[PDB]
file target26.cif (mmCIF, C-alpha atoms)
data_entry
#
loop_
_atom_site.label_atom_id
_atom_site.label_comp_id
_atom_site.auth_asym_id
_atom_site.auth_seq_id
_atom_site.Cartn_x
_atom_site.Cartn_y
_atom_site.Cartn_z
CA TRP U 53 -18.60 -7.64 1.47
CA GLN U 54 -20.91 -10.65 1.21
CA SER U 55 -20.81 -13.25 -1.55
CA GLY U 56 -24.56 -13.62 -1.97
CA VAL U 57 -25.46 -9.93 -2.45
CA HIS U 58 -22.46 -8.05 -3.87
CA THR U 59 -21.74 -10.92 -6.29
CA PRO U 60 -23.78 -13.76 -7.80
CA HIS U 61 -24.05 -16.78 -5.53
CA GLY U 62 -21.06 -19.10 -5.80
CA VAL U 63 -18.48 -16.33 -6.27
CA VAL U 64 -15.79 -16.31 -3.57
CA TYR U 65 -12.47 -14.44 -3.48
CA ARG U 66 -9.56 -16.43 -2.02
CA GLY U 67 -7.78 -13.34 -0.74
CA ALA U 68 -7.20 -12.08 2.80
CA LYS U 69 -10.25 -12.22 5.05
CA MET U 70 -11.18 -9.30 7.28
CA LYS U 71 -10.77 -9.85 11.00
CA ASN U 72 -14.05 -10.44 12.89
CA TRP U 73 -16.15 -10.10 9.72
CA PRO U 74 -18.73 -12.93 9.80
CA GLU U 75 -19.22 -14.96 6.61
CA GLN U 76 -23.01 -15.20 6.82
CA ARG U 77 -25.16 -17.13 4.36
CA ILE U 78 -27.66 -15.20 2.23
CA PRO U 79 -30.79 -16.67 0.60
CA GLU U 80 -30.66 -17.26 -3.13
CA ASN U 81 -33.88 -15.28 -3.65
CA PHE U 82 -32.21 -12.13 -2.30
CA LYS U 83 -32.21 -9.15 -4.66
CA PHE U 84 -31.83 -5.42 -4.11
CA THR U 85 -34.30 -2.74 -5.15
CA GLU U 86 -32.68 -0.56 -7.78
CA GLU U 87 -32.83 2.69 -5.79
CA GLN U 88 -31.32 1.00 -2.73
CA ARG U 89 -28.58 -0.56 -4.87
CA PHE U 90 -27.73 2.86 -6.31
CA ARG U 91 -27.69 4.41 -2.83
CA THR U 92 -25.45 1.60 -1.53
CA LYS U 93 -21.92 2.52 -0.44
CA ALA U 94 -18.68 0.60 0.10
CA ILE U 95 -16.24 0.37 2.99
CA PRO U 96 -12.96 2.13 2.10
CA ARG U 97 -10.09 -0.24 1.34
CA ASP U 98 -6.40 -0.02 2.18
CA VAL U 99 -4.26 1.86 -0.35
CA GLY U 100 -0.91 2.26 1.36
CA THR U 101 2.49 0.56 1.50
CA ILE U 102 1.83 -3.18 1.78
CA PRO U 103 -0.96 -3.41 -0.86
CA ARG U 104 0.93 -1.29 -3.38
CA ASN U 105 4.09 -3.31 -2.77
CA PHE U 106 2.17 -6.55 -3.34
CA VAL U 107 0.63 -5.26 -6.57
CA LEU U 108 3.98 -3.95 -7.79
CA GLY U 109 5.54 -7.33 -7.06
CA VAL U 110 2.79 -9.09 -9.01
CA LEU U 111 3.37 -6.77 -11.98
CA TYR U 112 7.13 -7.23 -11.65
CA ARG U 113 6.60 -10.97 -11.94
CA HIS U 114 4.14 -10.69 -14.85
CA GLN U 115 5.18 -7.52 -16.66
CA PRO U 116 2.39 -8.01 -19.25
CA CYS U 117 -0.71 -8.17 -17.03
CA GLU U 118 -4.20 -8.40 -18.47
CA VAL U 119 -7.21 -7.86 -16.21
CA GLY U 120 -8.26 -11.45 -15.62
CA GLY U 121 -4.64 -12.55 -15.82
CA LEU U 122 -3.63 -10.05 -13.15
CA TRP U 123 -6.48 -11.12 -10.87
CA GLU U 124 -5.61 -14.80 -11.31
CA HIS U 125 -1.92 -14.12 -10.65
CA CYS U 126 -2.79 -12.17 -7.50
CA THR U 127 -5.01 -15.01 -6.28
CA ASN U 128 -2.30 -17.57 -7.05
CA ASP U 129 0.39 -15.58 -5.24
CA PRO U 130 0.81 -16.66 -1.58
CA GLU U 131 1.60 -13.12 -0.37
CA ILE U 132 -2.02 -12.05 -0.98
CA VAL U 133 -2.93 -9.09 1.21
CA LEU U 134 -5.85 -7.78 -0.84
CA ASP U 135 -9.48 -8.58 -0.06
CA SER U 136 -11.51 -8.22 -3.27
CA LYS U 137 -11.43 -6.99 -6.85
CA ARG U 138 -12.63 -3.61 -5.59
CA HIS U 139 -9.60 -3.42 -3.30
CA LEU U 140 -7.40 -4.42 -6.24
CA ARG U 141 -8.87 -1.65 -8.39
CA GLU U 142 -8.40 0.92 -5.63
CA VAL U 143 -4.77 -0.12 -5.17
CA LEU U 144 -4.22 0.06 -8.93
CA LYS U 145 -5.74 3.55 -9.02
CA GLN U 146 -3.49 4.67 -6.16
CA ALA U 147 -0.43 3.26 -7.93
CA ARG U 148 -1.44 5.00 -11.16
CA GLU U 149 -1.84 8.31 -9.34
CA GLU U 150 1.56 7.86 -7.70
CA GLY U 151 2.96 7.18 -11.17
CA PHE U 152 3.83 3.47 -11.07
CA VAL U 153 1.40 1.66 -13.39
CA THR U 154 0.52 2.61 -16.96
CA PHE U 155 -2.43 1.20 -18.92
CA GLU U 156 -2.22 0.75 -22.70
CA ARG U 157 -4.72 -0.58 -25.22
CA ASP U 158 -2.78 -3.51 -26.67
CA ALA U 159 -2.68 -3.57 -30.46
CA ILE U 160 -2.87 -7.37 -30.63
CA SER U 161 -5.88 -7.62 -28.29
CA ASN U 162 -8.48 -5.10 -27.16
CA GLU U 163 -7.71 -5.95 -23.52
CA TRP U 164 -5.98 -3.19 -21.56
CA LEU U 165 -2.43 -4.28 -20.78
CA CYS U 166 -0.40 -2.90 -17.87
CA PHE U 167 3.23 -1.80 -17.69
CA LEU U 168 5.48 -0.28 -15.03
CA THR U 169 7.02 3.16 -15.42
CA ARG U 170 10.73 2.88 -16.18
CA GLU U 171 11.51 5.68 -13.72
CA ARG U 172 9.77 3.66 -11.00
CA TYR U 173 11.15 0.33 -12.23
CA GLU U 174 14.29 0.76 -10.12
CA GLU U 175 12.11 1.46 -7.09
CA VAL U 176 10.06 -1.66 -7.84
CA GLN U 177 13.24 -3.74 -8.12
CA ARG U 178 14.54 -2.38 -4.82
CA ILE U 179 11.21 -3.11 -3.11
CA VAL U 180 11.15 -6.67 -4.46
CA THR U 181 14.74 -7.36 -3.42
CA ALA U 182 14.20 -5.89 0.05
CA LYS U 183 11.04 -7.95 0.58
CA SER U 184 12.76 -11.14 -0.57
CA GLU U 185 15.75 -10.54 1.71
CA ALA U 186 13.48 -9.72 4.66
CA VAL U 187 11.46 -12.91 4.14
CA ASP U 188 14.63 -14.99 3.80
CA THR U 189 16.09 -13.54 7.01
CA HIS U 190 12.81 -13.84 8.95
CA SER U 191 12.08 -17.45 7.98
CA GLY U 192 13.55 -19.40 10.89
CA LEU U 193 13.08 -22.82 9.30
CA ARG U 194 14.77 -21.68 6.08
CA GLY U 195 18.42 -22.72 5.95
CA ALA U 196 17.99 -25.76 8.20
CA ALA U 197 18.31 -27.95 5.08
CA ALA U 198 21.64 -27.05 3.49
CA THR U 199 21.23 -29.86 0.95
CA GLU U 200 17.78 -28.55 0.00
CA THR U 201 19.11 -25.01 -0.39
CA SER U 202 21.99 -26.24 -2.56
CA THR U 203 19.62 -28.27 -4.74
CA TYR U 204 17.35 -25.24 -5.13
CA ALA U 205 20.33 -23.08 -6.13
CA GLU U 206 21.30 -25.72 -8.69
CA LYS U 207 17.74 -25.66 -10.03
CA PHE U 208 17.88 -21.86 -10.27
CA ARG U 209 21.14 -22.05 -12.23
CA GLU U 210 19.78 -24.77 -14.52
CA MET U 211 16.68 -22.69 -15.27
CA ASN U 212 18.83 -19.61 -15.92
CA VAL U 213 21.09 -21.45 -18.37
CA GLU U 214 18.21 -23.23 -20.14
CA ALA U 215 14.79 -22.00 -21.25
CA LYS U 216 12.88 -21.46 -18.01
CA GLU U 217 9.36 -20.79 -19.34
CA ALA U 218 8.19 -24.35 -18.69
CA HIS U 219 9.93 -24.34 -15.31
CA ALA U 220 8.22 -21.06 -14.41
CA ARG U 221 4.82 -22.44 -15.43
CA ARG U 222 5.35 -25.59 -13.36
CA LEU U 223 6.47 -23.47 -10.41
CA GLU U 224 3.34 -21.33 -10.77
CA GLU U 225 1.18 -24.46 -10.70
CA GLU U 226 3.02 -25.73 -7.62
CA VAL U 227 2.63 -22.32 -5.97
CA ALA U 228 -1.11 -22.39 -6.65
CA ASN U 229 -1.39 -25.87 -5.13
CA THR U 230 0.63 -24.81 -2.08
CA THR U 231 -1.46 -21.66 -1.64
CA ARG U 232 -4.64 -23.74 -1.69
CA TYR U 233 -3.12 -26.17 0.81
CA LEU U 234 -2.13 -23.27 3.08
CA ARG U 235 -5.56 -21.63 2.81
CA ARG U 236 -7.01 -24.94 4.00
CA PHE U 237 -5.52 -24.24 7.45
CA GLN U 238 -4.21 -20.67 7.79
CA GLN U 239 -5.55 -17.30 6.66
CA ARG U 240 -4.25 -13.73 6.59
CA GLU U 241 -6.53 -11.61 8.78
CA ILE U 242 -6.83 -7.84 8.39
CA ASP U 243 -7.67 -5.61 11.35
CA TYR U 244 -8.41 -1.92 10.83
CA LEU U 245 -9.29 1.06 12.99
CA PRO U 246 -10.51 4.48 11.81
CA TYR U 247 -8.84 7.69 12.92
CA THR U 248 -8.82 11.40 12.09
CA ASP U 249 -5.59 13.12 11.08
CA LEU U 250 -4.69 16.72 11.86
CA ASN U 251 -5.93 17.77 8.41
CA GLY U 252 -9.40 16.53 9.38
CA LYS U 253 -9.52 13.68 6.85
CA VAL U 254 -10.79 10.35 8.16
CA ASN U 255 -8.36 7.54 7.37
CA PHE U 256 -7.88 3.92 8.47
CA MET U 257 -4.89 2.29 10.16
CA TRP U 258 -4.50 -1.35 9.13
CA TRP U 259 -2.45 -4.29 10.33
CA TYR U 260 -2.27 -7.81 8.92
CA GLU U 261 -1.71 -11.01 10.89
CA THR U 262 -1.74 -14.75 10.17
CA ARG U 263 -4.30 -16.90 11.99
CA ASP U 264 -4.42 -20.70 11.99
CA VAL U 265 -7.99 -21.90 11.51
CA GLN U 266 -6.95 -25.51 12.21
CA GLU I 104 46.27 62.24 -9.35
CA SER I 105 46.65 59.26 -7.01
CA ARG I 106 47.72 55.67 -7.67
CA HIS I 107 46.78 53.95 -4.40
CA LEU I 108 44.11 51.28 -4.25
CA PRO I 109 40.51 52.47 -4.74
CA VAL I 110 39.25 53.26 -1.23
CA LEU I 111 35.83 54.78 -0.59
CA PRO I 112 36.00 57.44 2.15
CA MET I 113 33.73 56.77 5.11
CA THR I 114 30.66 58.96 4.59
CA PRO I 115 27.15 59.07 6.07
CA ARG I 116 25.74 57.65 2.83
CA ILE I 117 28.18 54.72 2.80
CA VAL I 118 27.65 53.89 6.48
CA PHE I 119 23.88 54.10 6.02
CA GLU I 120 24.13 51.73 3.05
CA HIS I 121 26.17 49.27 5.12
CA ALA I 122 23.64 49.51 7.96
CA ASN I 123 20.79 48.85 5.52
CA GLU I 124 22.62 45.83 4.10
CA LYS I 125 23.21 44.41 7.57
CA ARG I 126 19.57 45.02 8.53
CA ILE I 127 18.34 43.23 5.40
CA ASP I 128 20.65 40.28 6.03
CA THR I 129 19.51 40.15 9.66
CA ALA I 130 15.84 40.11 8.67
CA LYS I 131 16.46 37.38 6.10
CA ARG I 132 18.40 35.24 8.58
CA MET I 133 15.80 35.73 11.32
CA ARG I 134 12.93 34.69 9.06
CA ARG I 135 14.86 31.73 7.63
CA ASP I 136 15.75 30.35 11.06
CA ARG I 137 12.20 30.99 12.28
CA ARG I 138 10.90 28.95 9.34
CA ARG I 139 13.37 26.16 10.13
CA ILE I 140 12.27 26.09 13.78
CA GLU I 141 8.60 26.03 12.77
CA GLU I 142 9.28 23.15 10.37
CA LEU I 143 11.00 21.20 13.13
CA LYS I 144 8.10 21.87 15.51
CA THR I 145 5.56 20.73 12.93
CA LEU I 146 7.55 17.59 12.11
CA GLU I 147 7.89 16.59 15.76
CA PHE I 148 4.22 17.34 16.43
CA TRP I 149 3.17 15.13 13.51
CA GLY I 150 5.45 12.39 14.82
CA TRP I 151 3.91 12.69 18.28
CA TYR I 152 0.40 12.58 16.82
CA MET I 153 1.27 9.44 14.85
CA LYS I 154 2.64 7.86 18.04
CA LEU I 155 -0.59 8.84 19.81
CA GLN I 156 -2.64 7.21 17.06
CA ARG I 157 -0.55 4.04 17.29
CA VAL I 158 -1.06 3.91 21.06
CA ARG I 159 -4.80 4.48 20.62
CA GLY I 160 -4.98 1.69 18.06
CA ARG I 161 -3.11 -0.72 20.32
CA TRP I 162 -5.36 0.13 23.27
CA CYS I 163 -8.51 -0.26 21.18
CA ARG I 164 -7.29 -3.61 19.88
CA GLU I 165 -6.62 -4.78 23.44
CA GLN I 166 -10.00 -3.56 24.73
CA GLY I 167 -12.03 -4.81 21.77
CA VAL I 168 -13.17 -1.30 20.84
CA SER I 169 -13.95 -1.03 17.13
CA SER I 170 -14.86 2.70 17.13
CA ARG I 171 -17.53 1.96 14.48
CA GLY I 172 -20.74 2.40 16.44
CA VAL I 173 -22.70 0.03 18.64
CA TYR I 174 -23.13 -2.36 15.72
CA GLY I 175 -21.04 -5.49 15.32
CA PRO I 176 -18.72 -6.44 12.48
CA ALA I 177 -21.72 -7.63 10.45
CA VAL I 178 -22.59 -4.08 9.33
CA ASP I 179 -19.03 -3.51 8.12
CA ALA I 180 -19.14 -6.87 6.35
CA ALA I 181 -22.34 -5.76 4.61
CA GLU I 182 -20.57 -2.53 3.56
CA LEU I 183 -23.94 -0.95 2.74
CA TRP I 184 -23.14 2.22 4.74
CA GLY I 185 -19.35 2.49 5.06
#

call {"tool": "encode", "arguments": {"input": "target26.cif", "output": "structure tokens"}}
result
Amino acid sequence: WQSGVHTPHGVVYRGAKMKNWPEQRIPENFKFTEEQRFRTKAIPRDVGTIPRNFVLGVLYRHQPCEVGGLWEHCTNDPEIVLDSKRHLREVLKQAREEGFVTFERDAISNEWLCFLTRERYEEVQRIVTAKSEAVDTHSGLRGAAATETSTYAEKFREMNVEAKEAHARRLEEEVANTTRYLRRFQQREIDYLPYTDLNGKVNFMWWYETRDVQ
Amino acid sequence: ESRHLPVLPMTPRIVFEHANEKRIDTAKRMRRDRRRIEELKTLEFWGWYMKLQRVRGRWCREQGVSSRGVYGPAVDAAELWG
């Protein structure tokens, strides 16, 4: 997508950029003709394992997820793999069809809140734990600072024993700052290739890498 | 009359019934194992096709082939025809 045409100028999504897609400026005077805008299409987005796992992890973190709240949490999270709100909606639809997410009109507020199916909650927990363990084992630098790890464990225990809402909010702010600082240099690129399965349905194979803009 | 265990005398009807039972069991077993073999063949063929697709994707990535027409990534970025 392009910021200047698909969205009002000045709107940018801090997600995962597509590989080789050029961010090209568009004049402010640009505007579609209504028939062309109706006839316009959209590139299919990834609805598979990694995006659904990321969305399920975001919901697992913030069990009550409003629309804007969910988008902001996804943007804040450093494991962003999505590309745009359209990709987020497609992933949410796929999860709903699989039977993971449930949407309810909250009594307190008209906004549609989101919950996770209890039957799939165990699966979500297993996915989250497996991802955390895999990241911990893969991170080579992690564990080099035994004192730092011990202090972090002490902080975890302190938060558990005390009220950890303020600690969680401060950690979310720090995570947002760190994600911005990371985005300043690195970026998660997405590279896709179309293919045709035996059934005759065109699908896309995707892979995500990390590139250092520097 | 007699107090021995109930034993059915061997008769053409009884032997025909046993033959029919064995034939039915044989047909059932043959079809079941045929279905199992076909399932294994389909599973391995799907696995091979997935491996083929992975190899094709790796080769296309190496060669810079996007398989999305002569146009560059700008058209896909526009997303006005995808």

call {"tool": "resolve_selection", "arguments": {"input": "target26.cif", "expression": "the PyMOL selection byres ((chain U) within 12 of (chain I))", "output": "NGL selection string"}}
result
:U and (53-58 or 69-78 or 84 or 88-97 or 135 or 243-251 or 255-259)

call {"tool": "residues_near_point", "arguments": {"input": "target26.cif", "point": "(4.0, -5.9, -1.0)", "cutoff": "9 Å", "atoms": "only C-alpha atoms", "output": "ChimeraX atom specification"}}
result
/U:101-110,131-133,179-180,183

call {"tool": "residues_around", "arguments": {"input": "target26.cif", "residues": "residue 154 (chain U)", "least_positions_apart": "3", "cutoff": "12 Å", "atoms": "only C-alpha atoms", "output": "VMD selection string"}}
result
chain U and resid 108 111 115 to 117 144 to 151 157 to 158 164 to 173

call {"tool": "atom_distance", "arguments": {"input": "target26.cif", "atom1": "CA of residue 231 (chain U)", "atom2": "CA of residue 264 (chain U)"}}
result
14.0 Å

call {"tool": "residues_around", "arguments": {"input": "target26.cif", "residues": "residue 230 (chain U)", "least_positions_apart": "6", "cutoff": "10 Å", "atoms": "all atoms listed in the file", "output": "VMD selection string"}}
result
chain U and resid 128 to 130 224 236

call {"tool": "atom_distance", "arguments": {"input": "target26.cif", "atom1": "CA of residue 64 (chain U)", "atom2": "CA of residue 222 (chain U)"}}
result
25.1 Å

call {"tool": "resolve_selection", "arguments": {"input": "target26.cif", "expression": "the PyMOL selection byres ((chain U and resi 65) around 9)", "output": "PyMOL selection string"}}
result
chain U and resi 55+63-64+66-68+127+135-137

call {"tool": "closest_residue", "arguments": {"input": "target26.cif", "among": "U:175, U:86, U:142, U:206", "to": "residue 112 (chain U)", "atoms": "only C-alpha atoms"}}
result
U:175

call {"tool": "atom_distance", "arguments": {"input": "target26.cif", "atom1": "CA of residue 241 (chain U)", "atom2": "CA of residue 266 (chain U)"}}
result
14.3 Å
